[PDB]
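Next up: a single chain in structure tokens, the form deposited without this ligand.
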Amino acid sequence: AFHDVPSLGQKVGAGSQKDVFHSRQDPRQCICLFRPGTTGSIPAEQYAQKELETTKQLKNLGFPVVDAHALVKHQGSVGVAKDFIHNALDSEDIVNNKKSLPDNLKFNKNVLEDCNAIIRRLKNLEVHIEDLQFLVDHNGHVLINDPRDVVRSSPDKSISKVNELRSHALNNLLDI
């Protein structure tokens, strides 16, 4: 199931779970490989397989996601081939105030609307997303990234994660 990527493109980004590389097979994609010690005791090949499945399940259910295309491996490194989001902001950087949303009005509106839309689905379908986490593309759209699992259950923990990010957009929009 895991495909060999012989060569990697330039490295891009700063996420802690995975190191990300431009795909030399498709400039719309990137190669995302687990860092050491990020999958706990679970083998990396399982973690990657579970992320691809969950990403596809959420995509089917209507959620906005960073799409995942293939399980990949490079030397001893294991991971997933995913859509590349140019100039993406990581939502953990935003909520932990390491980075900030731009001032742009349209940008913050998109963050607000998409956060609302994600919460609506979580309520309608009554699901909880393990390790819920997002990327914000350069227009402000919010995409679920590296989901670990989706299960029918109370969505309140997940709705709180979204609200966490939404608050920053609210605070900016309330500033005229």
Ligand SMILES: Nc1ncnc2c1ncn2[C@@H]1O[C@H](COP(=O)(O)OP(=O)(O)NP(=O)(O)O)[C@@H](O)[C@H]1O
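Note that residue numbering begins at 1 and tracks the sequence as displayed. Take the two forms, find the largest set of C-alpha atoms that superpose within 1.5 Å, and that set is the rigid core.
- Mean CA B-factor, 40-48 versus 53-61: the higher value falls on 40-48.
- As listed in the deposited structure, the average C-alpha B-factor of 62-70 and of 145-153 is greater for 145-153.
- In this entry, the residue among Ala81, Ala88, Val78, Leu101 with the greatest C-alpha B factor is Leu101.
- When the Cα B-factors of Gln29, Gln133, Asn139, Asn124 are read from the PDB record, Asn124 comes out highest.
- In this PDB entry, the Cα temperature factor of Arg35 sits in the bottom third of its chain's modelled residues, the lowest group.
- Among the modelled residues of its chain, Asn163 has a C-alpha B-factor that falls in the highest third, as given in the PDB entry.
The same protein has a further form, the form solved in complex with this ligand, not shown here; the description that follows concerns it.
- With the site C-alphas superposed, this ligand from its pose in the deposited bound form puts 3 or more atoms within 2.4 Å of the backbone and C-beta atoms of the shown form; the site is blocked.
- Only one of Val150, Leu135, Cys115, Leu132 lies close to this ligand in the deposited bound form, with a heavy atom inside 4.5 Å, and it is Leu135.
- None of the heavy atoms of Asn163 is located within 4.5 Å of this ligand in the deposited bound form.
- Although the partner is absent here, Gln25 is not a contact residue: none of its heavy atoms lies within 4.5 angstroms of this ligand in the deposited bound form.
- Not displayed here, this ligand is kept clear of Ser167 by more than 4.5 Å at the level of heavy atoms in the deposited bound form.
- The closest non-hydrogen atom of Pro155 lies beyond 4.5 Å of this ligand in the deposited bound form.
- Residue shifts between the shown form and the other one, rigid core superposed: of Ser154, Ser16, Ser160, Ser167, the only C-alpha displaced by 2 Å or more belongs to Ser16.
- The two forms, fitted on the rigid core, differ between the shown form and the other one by less than 2 Å at the CA of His138.
- A displacement of less than 2 angstroms separates the C-alpha positions of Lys109 between the shown form and the other one, with the rigid core held in common.
- Annotation: Cα of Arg120 displaced by less than 2 Å between the shown form and the other one, core superposition.
- Cα-Cα spacing of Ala44 to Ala14 is reduced in the deposited bound form versus the present form (difference of at least 3 Å).
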